[PDB]
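Student: So that we are looking at the same thing, I have put the structure below in structure tokens.
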Amino acid sequence: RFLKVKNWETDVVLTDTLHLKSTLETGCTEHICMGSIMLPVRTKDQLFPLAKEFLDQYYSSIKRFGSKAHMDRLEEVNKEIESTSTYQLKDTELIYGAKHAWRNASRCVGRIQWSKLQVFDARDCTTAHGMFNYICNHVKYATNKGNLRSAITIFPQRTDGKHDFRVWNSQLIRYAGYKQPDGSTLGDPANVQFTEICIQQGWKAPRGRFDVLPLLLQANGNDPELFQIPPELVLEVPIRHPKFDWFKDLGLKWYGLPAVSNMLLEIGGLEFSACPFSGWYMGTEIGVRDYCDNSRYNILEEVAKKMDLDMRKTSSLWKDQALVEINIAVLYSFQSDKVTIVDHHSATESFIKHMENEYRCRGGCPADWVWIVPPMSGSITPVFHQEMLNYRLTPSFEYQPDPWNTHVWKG
Amino acid sequence: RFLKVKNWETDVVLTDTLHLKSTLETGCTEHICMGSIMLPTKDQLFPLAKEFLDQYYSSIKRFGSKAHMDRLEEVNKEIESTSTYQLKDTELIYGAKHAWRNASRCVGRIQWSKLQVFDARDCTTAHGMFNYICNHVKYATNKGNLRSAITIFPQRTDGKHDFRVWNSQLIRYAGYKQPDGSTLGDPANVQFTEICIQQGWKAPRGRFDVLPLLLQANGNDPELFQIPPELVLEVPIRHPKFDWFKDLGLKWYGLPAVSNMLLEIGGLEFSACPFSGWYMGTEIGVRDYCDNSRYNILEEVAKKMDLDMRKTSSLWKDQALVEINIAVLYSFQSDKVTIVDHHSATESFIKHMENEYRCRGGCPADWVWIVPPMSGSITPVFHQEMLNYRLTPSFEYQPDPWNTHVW
Ligand code: HEM
Ligand code: HEM
Ligand SMILES: Fc1cccc([C@@H]2C[C@H]2CNCCc2ccnc(-n3ccnc3)n2)c1
Ligand SMILES: Fc1cccc([C@@H]2C[C@H]2CNCCc2ccnc(-n3ccnc3)n2)c1
Ligand SMILES: C[C@H](O)[C@H](O)[C@H]1CNc2nc(N)[nH]c(=O)c2N1
Ligand SMILES: C[C@H](O)[C@H](O)[C@H]1CNc2nc(N)[nH]c(=O)c2N1
Ligand SMILES: [Zn+2]
């Protein structure tokens, strides 16, 4: 079964055969579409077929399907599985797996870069302190003095699910959020719960509007531990506007390295519960979501006041106007400090090309429209006009419950 | 099976049960989501008619009543003998209001029950069709105090006698391809403007020529009719700060009136059912003015603003887009023609969602369409999870007539 998708700005049509290789479930049925829903221990029983299917893709990509290298590895994995209940990936397989999980991330607009991923193998790690060291090296390599590089560090896979490695932070770099007695919130409101935990676990909080959270790291199912990233490793950018000289006085800054650290990486049935990864920011992530969401830094008003905008009627589009300048400022600041960043027009255009290239060479490109489309200026970016099929390939990056909700405290 | 939807900006959770009455299909499966695809007999008819009449008689608290049971038999009887059946005016209005209610792609559904329904089922000719449309236009415009309306022509019979309005909207601007290879006026209408000339329209070949109506009655050949200008309210677009803006030569019409959809009620098919509300600002400002496949004026406006169009990263497209939309809302409000901004509209829809969960157990909605084409995440519907499914009575798309019409 072939499936066609159409771009309504260019009339270009594309055919998807790739969706046939999709195993996992979407959350939709023929009677309901859940495409706007954010969120719609494993036995030898089902592991080898997962292992086989993965190793089969692997060997096709290296053009060795059916070869002796292929069959012996299939056999080797099998024996390791019924003997030891699990198995270990070669380095070559891990790398491949990581690249492809990225490649299959239908919510990521930056996948054009997917082949250029630096994979760090932390599968020999045993302690939190070990984890800290690995992470710092990640933050340094990926940061590269502002010329950012894509990277992922991969810690040991899950075993019985009682010895998980986890990074409790949702991102490696992120600002504290303090709930005040008067109900207001100092810093980033998203991180309030996580800030509290840190404080409880012994973190001494400066209590400012931009405090870099400590890392809270869990190795082998043990209680997590705190570590303070060397400040000299944390690239930050002061935010200023190129025309408005009062903008700098808003006292805003942001960090350069966007690094997701709470997802689960699945390769051939293997589950890697600690797999922090990092690219570079698309402007709107900071400019629109981080700064302007009502549940985040919410600087819309305070910015709009200083702009002297008609704030009396929403039909003056003061909000829309302010949003744009803030985003302009974010891009300006980063380029001025030579820290890698991409604007939403640039990124979306690249993605369309990437996506086209992927139908040609791969027969499809899973993509979540709800997420691919930028959160401002939607229809003047080409992805808005782009039909997109969403499905789930493996390897994959999956969500996983917050570890404070599951962890068994040793004490 | 009993679903919950979460707003991620307010933590409000609504439970959806209404979806369990969904009848038609979405085109999605368990393996593939198509939520961003634009378009995914007597034995057939009676069950259809029953489902409708049941929910109708339930809505009027006479479910199971004799009137209910009687009507069920009465309609059953007619289907058996005529192969079709006809709707009572009460049923016709309820069906219409409810088709709008179920329109998961329409952000303005909070107004759903204040729909004026015009029964035009006694229409026989295109000339008659013109008269009804003109009356609809005039009523809904209301000198600029817009009122929602639908005018409903006779239902399909054998598919040979279909009524159709060929225009996609009652009021649209023509589009002409130049020898220049460029496109003057509205590119979305190039092919329709063609057929208009092909049927005999004398195009003034301007940028903003109001298209004529091309009406088809009882399956006959369609006929051209020009809407009396004095019934077509237009707004000259000026910016409330840029005086150079007026020289851009921009204007838009006030009445947004979809005319190409198919209205399904209790199995019956109304292939001609023009309906109209009032514009959300971005419909014109973002989509009509700035889509690349449309009037595409962004460059010209940016040039006029003297913005560094050298790099995408100056967000100059973004900057202009805002001003242009300010202008549109400005012009309409200055001429006292009803218009709603994307902020008020989406806020209204959030409220409507909460009422619908509370009074009906849910609200089908298509996120890809409800989120406005600008400033997505600063409207509240962005952080609102929505479930999409198709309820009936319904507005469905249907093929353009020039591909179907037996000439
Ligand atoms: C290199 C430049 C990159 C850019 C510009 C980029 C862009 C984005 C953006 C804007 C999002 C939306 C995040 C949100 O709205 O919450 C996203 C999501 C995502 N990206 Fe990236 N990305 C990049 C690199 C990467 C890398 C290196 C990986 C993994 C190896 C990756 C995997 C993902 C995944 C798995 C998601 C979905 C996360 C979720 O569901 O919460 N991306 N990407
Ligand atoms: C009264 C104020 C109204 C507002 C503010 C409004 C708003 C909108 C908007 C913004 C769209 C998106 C259109 C697009 O981007 O192409 C839409 C579509 C739609 N509206 Fe409304 N509308 C209104 C009245 C009505 C009425 C009176 C009806 C029916 C009786 C209706 C039914 C629909 C339907 C069926 C669609 C989907 C059409 C399609 O799929 O192309 N709306 N509406
Ligand atoms: F399922 C959810 C329930 C609540 C909140 C949520 C927030 C959206 C998820 C965050 N998504 C990742 C955001 C992010 C931050 C920093 N860097 C990236 N990033 C880096 C490379 N690619 C993306 N992404 C999900
Ligand atoms: F699937 C498609 C293929 C080609 C064009 C397409 C355009 C989106 C459909 C138009 N949607 C209606 C636009 C419109 C215009 C004027 N008024 C309204 N309107 C009025 C009240 N509610 C909506 N809607 C879809
Ligand atoms: C409810 C809704 O699906 C949710 O807010 C989504 C919408 N699209 C998004 N798109 C991106 N890139 N990131 C997000 O967090 C979201 N949020
Ligand atoms: C590809 C995508 O489905 C298509 O561009 C949709 C996106 N959302 C839309 N939303 C509205 N309101 N109107 C539209 O025409 C569209 N087009
Ligand atoms: Zn779906």
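Chain labels run A, B, ... following the order of the structure tokens; each chain numbers its residues from 1, and ligands are numbered from 1 in the order shown.
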Within 7 Å of chain B, which residues of chain A show up when using only C-alpha atoms, listed as a PyMOL selection string?
Tutor: chain A and resi 9+22-37+293+295+314-317+320-321+324+328+331+343+345-346+369-370+375-380+387-391
Student: Write the residues you've just listed into a file as a compact mmCIF listing (two decimals), in the first residue's frame, and include N, CA and C atoms for each of them.
Tutor:
```txt
# COMPACT_ATOMS: atom_id res chain seq x y z
N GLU A 9 1.36 24.46 -1.38
CA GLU A 9 1.99 25.70 -1.82
C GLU A 9 2.73 25.46 -3.15
N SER A 22 6.16 0.22 9.85
CA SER A 22 5.80 0.74 11.17
C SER A 22 5.08 -0.28 12.04
N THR A 23 5.64 -0.53 13.22
CA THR A 23 5.08 -1.51 14.14
C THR A 23 4.25 -0.85 15.25
N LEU A 24 4.85 0.10 15.96
CA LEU A 24 4.23 0.70 17.14
C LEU A 24 2.88 1.39 16.83
N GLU A 25 2.15 1.77 17.88
CA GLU A 25 0.83 2.37 17.72
C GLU A 25 0.86 3.88 17.85
N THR A 26 -0.05 4.56 17.15
CA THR A 26 -0.07 6.02 17.10
C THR A 26 -0.89 6.63 18.22
N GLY A 27 -1.97 5.95 18.57
CA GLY A 27 -2.90 6.50 19.53
C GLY A 27 -4.19 6.84 18.82
N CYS A 28 -4.20 6.68 17.50
CA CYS A 28 -5.41 6.97 16.72
C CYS A 28 -6.11 5.69 16.36
N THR A 29 -7.40 5.80 16.06
CA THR A 29 -8.17 4.71 15.49
C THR A 29 -8.88 5.25 14.26
N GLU A 30 -9.65 4.43 13.56
CA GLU A 30 -10.40 4.91 12.40
C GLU A 30 -11.48 5.89 12.82
N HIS A 31 -11.79 5.90 14.11
CA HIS A 31 -12.91 6.68 14.60
C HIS A 31 -12.46 7.90 15.38
N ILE A 32 -11.18 7.92 15.72
CA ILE A 32 -10.67 9.07 16.45
C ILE A 32 -9.22 9.38 16.11
N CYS A 33 -8.93 10.67 15.97
CA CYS A 33 -7.57 11.11 15.73
C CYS A 33 -7.06 11.81 16.97
N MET A 34 -5.93 11.34 17.48
CA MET A 34 -5.35 11.90 18.69
C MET A 34 -4.01 12.58 18.39
N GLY A 35 -3.93 13.17 17.20
CA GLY A 35 -2.71 13.81 16.73
C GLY A 35 -2.27 15.05 17.49
N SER A 36 -3.13 15.57 18.37
CA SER A 36 -2.79 16.74 19.17
C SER A 36 -2.66 16.37 20.65
N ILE A 37 -2.67 15.08 20.92
CA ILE A 37 -2.45 14.60 22.26
C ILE A 37 -0.95 14.40 22.47
N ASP A 293 5.54 32.01 26.63
CA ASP A 293 4.47 31.14 27.15
C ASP A 293 3.95 31.77 28.44
N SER A 295 2.96 30.20 30.95
CA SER A 295 3.46 29.38 32.06
C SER A 295 4.99 29.33 32.19
N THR A 314 -6.78 43.59 22.58
CA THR A 314 -5.99 42.51 21.97
C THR A 314 -5.96 42.63 20.43
N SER A 315 -6.92 43.36 19.87
CA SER A 315 -7.03 43.56 18.43
C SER A 315 -6.02 44.60 17.91
N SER A 316 -5.14 45.06 18.78
CA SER A 316 -4.03 45.90 18.35
C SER A 316 -2.83 45.01 18.05
N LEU A 317 -2.93 43.75 18.45
CA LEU A 317 -1.89 42.75 18.22
C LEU A 317 -0.57 43.17 18.85
N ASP A 320 1.36 40.01 19.56
CA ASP A 320 2.00 39.48 18.36
C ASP A 320 3.23 40.30 18.04
N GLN A 321 3.10 41.61 18.24
CA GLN A 321 4.18 42.53 17.92
C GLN A 321 5.36 42.30 18.85
N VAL A 324 7.45 39.19 18.27
CA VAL A 324 8.41 39.24 17.16
C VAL A 324 9.74 39.87 17.55
N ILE A 328 13.44 38.44 17.61
CA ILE A 328 14.46 39.11 16.84
C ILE A 328 15.69 39.26 17.71
N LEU A 331 17.65 35.86 18.26
CA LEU A 331 18.52 35.55 17.12
C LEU A 331 19.71 36.50 17.06
N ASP A 343 17.00 30.27 12.80
CA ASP A 343 15.68 30.89 12.80
C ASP A 343 14.67 29.91 12.22
N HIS A 345 12.41 30.11 9.82
CA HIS A 345 12.27 30.04 8.36
C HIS A 345 13.33 29.13 7.78
N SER A 346 14.57 29.36 8.21
CA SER A 346 15.71 28.57 7.78
C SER A 346 15.50 27.09 8.08
N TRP A 369 3.12 17.04 12.28
CA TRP A 369 2.80 18.39 11.86
C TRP A 369 2.62 19.33 13.04
N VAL A 370 1.93 18.83 14.07
CA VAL A 370 1.56 19.63 15.25
C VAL A 370 2.81 20.20 15.92
N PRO A 375 5.95 27.76 16.40
CA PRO A 375 4.89 28.31 17.26
C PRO A 375 4.63 29.82 17.04
N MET A 376 5.18 30.38 15.98
CA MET A 376 4.79 31.71 15.50
C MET A 376 4.92 31.69 13.99
N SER A 377 4.18 32.56 13.30
CA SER A 377 4.31 32.72 11.85
C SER A 377 4.12 31.41 11.09
N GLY A 378 3.40 30.47 11.71
CA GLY A 378 3.07 29.20 11.10
C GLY A 378 2.99 29.13 9.58
N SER A 379 2.04 29.85 8.98
CA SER A 379 1.80 29.69 7.54
C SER A 379 2.76 30.42 6.58
N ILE A 380 3.66 31.25 7.09
CA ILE A 380 4.71 31.79 6.23
C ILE A 380 6.01 30.99 6.34
N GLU A 387 1.61 18.47 3.92
CA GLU A 387 0.96 17.30 4.51
C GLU A 387 2.02 16.35 5.05
N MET A 388 1.71 15.72 6.19
CA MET A 388 2.68 14.90 6.87
C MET A 388 2.03 13.66 7.45
N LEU A 389 2.64 12.53 7.18
CA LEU A 389 2.19 11.30 7.78
C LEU A 389 2.98 11.09 9.05
N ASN A 390 2.28 10.71 10.11
CA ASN A 390 2.98 10.41 11.36
C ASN A 390 2.85 8.95 11.69
N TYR A 391 4.00 8.30 11.93
CA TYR A 391 4.01 6.94 12.43
C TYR A 391 5.28 6.67 13.21
```
Student: Which residues, written as a PyMOL selection string, have at least one atom at most 10 Å from residue 249 (chain A), with only C-alpha atoms counted and residues fewer than 3 positions away on the same chain left out?
Tutor: chain A and resi 239-240+244-246+252
Student: Could you please determine the separation between CA of residue 221 (chain A) and CA of residue 132 (chain A) in Å, to one decimal place?
Tutor: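 CA of residue 132 (chain A) lies at a distance of 15.6 Å from CA of residue 221 (chain A).
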Student: Residues within 8 Å of ligand 4, counting only C-alpha atoms and all ligand atoms: report them as a compact mmCIF listing (two decimals) with N, CA and C atoms, in the first residue's frame.
Tutor:
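For reference, out.txt as written:
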```
# COMPACT_ATOMS: atom_id res chain seq x y z
N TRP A 8 0.63 22.02 -0.51
CA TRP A 8 -0.42 22.83 -1.13
C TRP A 8 0.06 24.22 -1.55
N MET B 38 -5.25 17.08 4.21
CA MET B 38 -6.35 17.99 3.94
C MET B 38 -7.68 17.27 3.69
N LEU B 39 -7.63 16.16 2.96
CA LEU B 39 -8.82 15.35 2.68
C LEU B 39 -8.51 13.86 2.82
N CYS B 106 -13.91 24.46 12.42
CA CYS B 106 -14.39 25.83 12.56
C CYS B 106 -14.20 26.39 13.97
N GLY B 108 -15.21 29.12 15.20
CA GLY B 108 -16.26 30.06 15.58
C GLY B 108 -17.56 29.41 16.02
N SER B 168 -16.54 28.91 -4.91
CA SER B 168 -16.16 28.27 -3.65
C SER B 168 -16.62 29.13 -2.50
N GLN B 169 -16.62 30.44 -2.72
CA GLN B 169 -17.34 31.37 -1.86
C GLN B 169 -18.27 32.25 -2.68
N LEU B 255 -17.97 39.75 3.76
CA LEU B 255 -18.78 38.55 4.00
C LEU B 255 -18.02 37.30 3.60
N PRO B 256 -17.65 36.46 4.59
CA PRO B 256 -17.02 35.19 4.25
C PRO B 256 -18.09 34.12 4.22
N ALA B 257 -18.24 33.49 3.07
CA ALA B 257 -19.41 32.67 2.84
C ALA B 257 -19.04 31.46 2.02
N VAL B 258 -18.87 30.33 2.70
CA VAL B 258 -18.45 29.13 2.02
C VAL B 258 -19.61 28.57 1.21
N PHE B 275 -23.17 29.02 3.25
CA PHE B 275 -23.28 29.51 4.62
C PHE B 275 -22.20 30.56 4.88
N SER B 276 -22.47 31.45 5.84
CA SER B 276 -21.58 32.57 6.09
C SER B 276 -21.57 32.95 7.56
N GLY B 277 -20.45 33.48 8.03
CA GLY B 277 -20.33 33.99 9.39
C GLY B 277 -19.70 35.36 9.34
N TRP B 278 -18.52 35.47 9.94
CA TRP B 278 -17.69 36.66 9.81
C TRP B 278 -16.24 36.26 10.00
N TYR B 279 -15.36 37.07 9.45
CA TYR B 279 -13.96 36.72 9.37
C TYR B 279 -13.25 36.75 10.73
N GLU B 283 -7.54 35.08 8.68
CA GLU B 283 -8.02 34.48 7.44
C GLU B 283 -7.60 35.34 6.25
N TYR B 397 -16.72 17.89 2.32
CA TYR B 397 -16.26 18.46 1.07
C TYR B 397 -16.94 17.69 -0.04
```
Student: In terms of the shortest atom-to-atom distance over only C-alpha atoms and all ligand atoms, which of A:148, A:213, A:167, A:108 is closest to ligand 1?
Tutor: A:108
Student: Do you know which residues are within 8 Å of ligand 3 using only C-alpha atoms and all ligand atoms? Can you write them as a compact mmCIF listing (two decimals) with N, CA, C and O atoms, in the first residue's frame?
Tutor:
```txt
# COMPACT_ATOMS: atom_id res chain seq x y z
N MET A 38 -0.41 15.04 23.51
CA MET A 38 1.02 15.00 23.83
C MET A 38 1.59 13.63 24.22
O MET A 38 2.73 13.32 23.88
N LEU A 39 0.80 12.83 24.93
CA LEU A 39 1.23 11.52 25.42
C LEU A 39 0.12 10.48 25.25
O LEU A 39 -0.57 10.14 26.21
N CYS A 108 11.04 16.13 15.55
CA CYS A 108 12.26 16.93 15.46
C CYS A 108 12.38 17.56 14.09
O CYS A 108 12.38 16.86 13.06
N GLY A 110 14.96 19.27 13.15
CA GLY A 110 16.38 19.37 12.83
C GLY A 110 17.00 18.12 12.25
O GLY A 110 18.22 17.98 12.18
N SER A 170 15.46 17.34 33.26
CA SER A 170 14.81 17.15 31.96
C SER A 170 15.73 17.65 30.85
O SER A 170 15.72 17.12 29.74
N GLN A 171 16.51 18.68 31.15
CA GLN A 171 17.61 19.12 30.28
C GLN A 171 18.88 19.32 31.12
O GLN A 171 18.80 19.71 32.28
N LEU A 257 23.24 25.62 24.81
CA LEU A 257 23.16 24.19 24.48
C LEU A 257 21.81 23.61 24.87
O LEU A 257 21.50 23.46 26.06
N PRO A 258 20.98 23.29 23.87
CA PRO A 258 19.73 22.62 24.21
C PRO A 258 19.97 21.12 24.25
O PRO A 258 20.34 20.49 23.23
N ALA A 259 19.81 20.54 25.43
CA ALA A 259 20.18 19.14 25.62
C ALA A 259 19.15 18.35 26.43
O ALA A 259 19.11 18.44 27.66
N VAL A 260 18.34 17.58 25.72
CA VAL A 260 17.29 16.77 26.34
C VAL A 260 17.91 15.56 27.00
O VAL A 260 18.73 14.86 26.40
N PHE A 277 20.94 13.98 24.92
CA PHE A 277 21.38 14.35 23.57
C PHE A 277 21.23 15.85 23.35
O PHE A 277 20.42 16.49 24.01
N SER A 278 22.00 16.41 22.41
CA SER A 278 22.01 17.85 22.23
C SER A 278 22.26 18.26 20.78
O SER A 278 23.03 17.62 20.07
N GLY A 279 21.56 19.30 20.35
CA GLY A 279 21.74 19.85 19.02
C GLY A 279 22.08 21.31 19.19
O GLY A 279 23.02 21.65 19.91
N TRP A 280 21.31 22.18 18.53
CA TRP A 280 21.35 23.60 18.81
C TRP A 280 19.94 24.17 18.66
O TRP A 280 19.08 23.57 18.01
N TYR A 281 19.71 25.32 19.27
CA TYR A 281 18.38 25.89 19.40
C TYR A 281 17.89 26.46 18.08
O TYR A 281 18.64 27.13 17.34
N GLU A 285 12.15 28.41 20.05
CA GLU A 285 12.14 27.62 21.29
C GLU A 285 12.36 28.52 22.49
O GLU A 285 11.71 28.36 23.53
N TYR A 399 9.16 8.79 25.46
CA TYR A 399 8.99 9.42 26.77
C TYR A 399 9.10 8.34 27.85
O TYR A 399 8.97 7.15 27.56
N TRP B 8 -2.37 22.20 28.55
CA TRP B 8 -1.04 22.13 29.14
C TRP B 8 -0.52 23.48 29.65
O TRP B 8 0.62 23.59 30.11
```
Student: List the neighbours of residue 244 (chain B) out to 9 Å using only C-alpha atoms; skip same-chain residues closer than 5 positions along the sequence, and give me the result as a list in words.
Tutor: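 Once the adjacent positions are removed, what remains is residues 238, 239 and 304 of chain B.
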Student: Mind dumping the selected residues with C-alpha atoms as a CSV table (one decimal), in the first residue's frame?
Tutor:
```csv
chain,number,residue,atom,x,y,z
B,238,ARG,CA,-5.3,51.2,5.6
B,239,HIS,CA,-2.7,50.9,8.4
B,304,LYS,CA,7.7,49.7,1.9
```
Student: Within 9 Å of region 195-206 of chain B, counting only C-alpha atoms, which residues show up once you throw out same-chain ones fewer than 6 positions away? Write them as a ChimeraX atom specification, please.
Tutor: /B:174-176,184-185,212-214,222-224,402
Student: Apply DSSP to the structure's backbone, then extract all residues of region 162-220 of chain B labelled strand (DSSP E or B) and return them as a PyMOL selection string.
Tutor: chain B and resi 164-165+169+173+175-177+183-185+210+213-216
Student: Can you tell me which residues surround region 87-97 of chain A at a distance of at most 8 Å, considering only C-alpha atoms, apart from same-chain residues fewer than 3 positions away, and format the answer as a list in words?
Tutor: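 In the requested format, the answer is residues 55, 58, 77, 80, 81, 84, 100, 101, 119, 121, 267, 270 and 395 of chain A.
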Student: Write the residues you've just listed into a file as an mmCIF file, in the first residue's frame, and include C-alpha atoms for each of them.
Tutor:
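Saved the output as selection_10.cif:
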```cif
data_model
loop_
_atom_site.group_PDB
_atom_site.id
_atom_site.type_symbol
_atom_site.label_atom_id
_atom_site.label_comp_id
_atom_site.auth_asym_id
_atom_site.auth_seq_id
_atom_site.Cartn_x
_atom_site.Cartn_y
_atom_site.Cartn_z
ATOM 1 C CA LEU A 55 20.042 -6.232 13.188
ATOM 2 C CA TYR A 58 21.530 -2.635 10.308
ATOM 3 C CA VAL A 77 22.733 -12.519 19.690
ATOM 4 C CA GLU A 80 23.533 -14.515 24.268
ATOM 5 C CA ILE A 81 19.809 -13.882 24.767
ATOM 6 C CA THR A 84 21.885 -14.246 29.674
ATOM 7 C CA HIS A 100 18.315 6.275 13.451
ATOM 8 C CA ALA A 101 16.389 7.026 16.605
ATOM 9 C CA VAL A 119 27.972 9.237 19.773
ATOM 10 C CA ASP A 121 29.563 5.284 24.543
ATOM 11 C CA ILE A 267 17.545 0.017 20.018
ATOM 12 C CA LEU A 270 17.337 -2.703 24.335
ATOM 13 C CA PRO A 395 15.005 2.716 16.839
#
```
Student: Please identify which residues in region 74-189 of chain B DSSP calls alpha helix (DSSP H) from the backbone, and express them as number ranges by chain.
Tutor: B: 74-82, 89-101, 126-141
Student: Write out as JSON lines a residue-level contact list of chain A versus ligand 1 with cut-off 8 Å: for each qualifying residue the closest pair of atoms and the distance in Å to one decimal, counting only C-alpha atoms and all ligand atoms, rows sorted by chain and residue number upward.
Tutor:
```
{"residue": "A:98", "atom": "CA", "partner": "ligand 1", "partner_atom_place_in_ligand_line": "30 (C)", "distance": 6.7}
{"residue": "A:99", "atom": "CA", "partner": "ligand 1", "partner_atom_place_in_ligand_line": "30 (C)", "distance": 6.6}
{"residue": "A:101", "atom": "CA", "partner": "ligand 1", "partner_atom_place_in_ligand_line": "30 (C)", "distance": 7.0}
{"residue": "A:102", "atom": "CA", "partner": "ligand 1", "partner_atom_place_in_ligand_line": "30 (C)", "distance": 4.5}
{"residue": "A:103", "atom": "CA", "partner": "ligand 1", "partner_atom_place_in_ligand_line": "30 (C)", "distance": 7.9}
{"residue": "A:105", "atom": "CA", "partner": "ligand 1", "partner_atom_place_in_ligand_line": "35 (C)", "distance": 5.0}
{"residue": "A:106", "atom": "CA", "partner": "ligand 1", "partner_atom_place_in_ligand_line": "37 (C)", "distance": 7.4}
{"residue": "A:107", "atom": "CA", "partner": "ligand 1", "partner_atom_place_in_ligand_line": "37 (C)", "distance": 4.9}
{"residue": "A:108", "atom": "CA", "partner": "ligand 1", "partner_atom_place_in_ligand_line": "43 (N)", "distance": 3.6}
{"residue": "A:109", "atom": "CA", "partner": "ligand 1", "partner_atom_place_in_ligand_line": "7 (C)", "distance": 4.7}
{"residue": "A:110", "atom": "CA", "partner": "ligand 1", "partner_atom_place_in_ligand_line": "4 (C)", "distance": 3.8}
{"residue": "A:111", "atom": "CA", "partner": "ligand 1", "partner_atom_place_in_ligand_line": "23 (C)", "distance": 6.5}
{"residue": "A:113", "atom": "CA", "partner": "ligand 1", "partner_atom_place_in_ligand_line": "1 (C)", "distance": 6.1}
{"residue": "A:114", "atom": "CA", "partner": "ligand 1", "partner_atom_place_in_ligand_line": "27 (C)", "distance": 7.0}
{"residue": "A:117", "atom": "CA", "partner": "ligand 1", "partner_atom_place_in_ligand_line": "27 (C)", "distance": 6.4}
{"residue": "A:149", "atom": "CA", "partner": "ligand 1", "partner_atom_place_in_ligand_line": "1 (C)", "distance": 7.4}
{"residue": "A:150", "atom": "CA", "partner": "ligand 1", "partner_atom_place_in_ligand_line": "27 (C)", "distance": 4.8}
{"residue": "A:151", "atom": "CA", "partner": "ligand 1", "partner_atom_place_in_ligand_line": "27 (C)", "distance": 5.9}
{"residue": "A:152", "atom": "CA", "partner": "ligand 1", "partner_atom_place_in_ligand_line": "30 (C)", "distance": 6.1}
{"residue": "A:260", "atom": "CA", "partner": "ligand 1", "partner_atom_place_in_ligand_line": "38 (C)", "distance": 7.5}
{"residue": "A:263", "atom": "CA", "partner": "ligand 1", "partner_atom_place_in_ligand_line": "35 (C)", "distance": 7.6}
{"residue": "A:277", "atom": "CA", "partner": "ligand 1", "partner_atom_place_in_ligand_line": "29 (C)", "distance": 5.4}
{"residue": "A:278", "atom": "CA", "partner": "ligand 1", "partner_atom_place_in_ligand_line": "27 (C)", "distance": 4.8}
{"residue": "A:279", "atom": "CA", "partner": "ligand 1", "partner_atom_place_in_ligand_line": "1 (C)", "distance": 3.5}
{"residue": "A:280", "atom": "CA", "partner": "ligand 1", "partner_atom_place_in_ligand_line": "2 (C)", "distance": 4.5}
{"residue": "A:281", "atom": "CA", "partner": "ligand 1", "partner_atom_place_in_ligand_line": "5 (C)", "distance": 5.4}
{"residue": "A:282", "atom": "CA", "partner": "ligand 1", "partner_atom_place_in_ligand_line": "5 (C)", "distance": 4.9}
{"residue": "A:284", "atom": "CA", "partner": "ligand 1", "partner_atom_place_in_ligand_line": "10 (C)", "distance": 7.7}
{"residue": "A:285", "atom": "CA", "partner": "ligand 1", "partner_atom_place_in_ligand_line": "10 (C)", "distance": 6.1}
{"residue": "A:341", "atom": "CA", "partner": "ligand 1", "partner_atom_place_in_ligand_line": "5 (C)", "distance": 7.7}
{"residue": "A:342", "atom": "CA", "partner": "ligand 1", "partner_atom_place_in_ligand_line": "5 (C)", "distance": 6.6}
{"residue": "A:347", "atom": "CA", "partner": "ligand 1", "partner_atom_place_in_ligand_line": "5 (C)", "distance": 6.7}
{"residue": "A:371", "atom": "CA", "partner": "ligand 1", "partner_atom_place_in_ligand_line": "15 (O)", "distance": 6.5}
{"residue": "A:372", "atom": "CA", "partner": "ligand 1", "partner_atom_place_in_ligand_line": "12 (C)", "distance": 7.3}
{"residue": "A:374", "atom": "CA", "partner": "ligand 1", "partner_atom_place_in_ligand_line": "10 (C)", "distance": 7.7}
{"residue": "A:396", "atom": "CA", "partner": "ligand 1", "partner_atom_place_in_ligand_line": "35 (C)", "distance": 7.7}
{"residue": "A:397", "atom": "CA", "partner": "ligand 1", "partner_atom_place_in_ligand_line": "35 (C)", "distance": 5.1}
{"residue": "A:398", "atom": "CA", "partner": "ligand 1", "partner_atom_place_in_ligand_line": "35 (C)", "distance": 7.4}
{"residue": "A:399", "atom": "CA", "partner": "ligand 1", "partner_atom_place_in_ligand_line": "40 (O)", "distance": 7.1}
```
Student: So, with only C-alpha atoms as the atoms that count, which of A:207, A:78, A:235, A:14 lies closest to residue 340 (chain A)?
Tutor: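 When distances to residue 340 (chain A) are compared using only C-alpha atoms, the smallest one comes from A:235.
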Student: Which is closer to ligand 7 than all the others in A:307, A:367, A:127, A:386, using only C-alpha atoms and all ligand atoms?
Tutor: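 Using only C-alpha atoms and all ligand atoms, the shortest distance to ligand 7 belongs to A:367.
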Student: Taking into account only C-alpha atoms, which residue in the set B:248, B:79, B:215, B:150 is nearest to residue 135 (chain B)?
Tutor: B:150
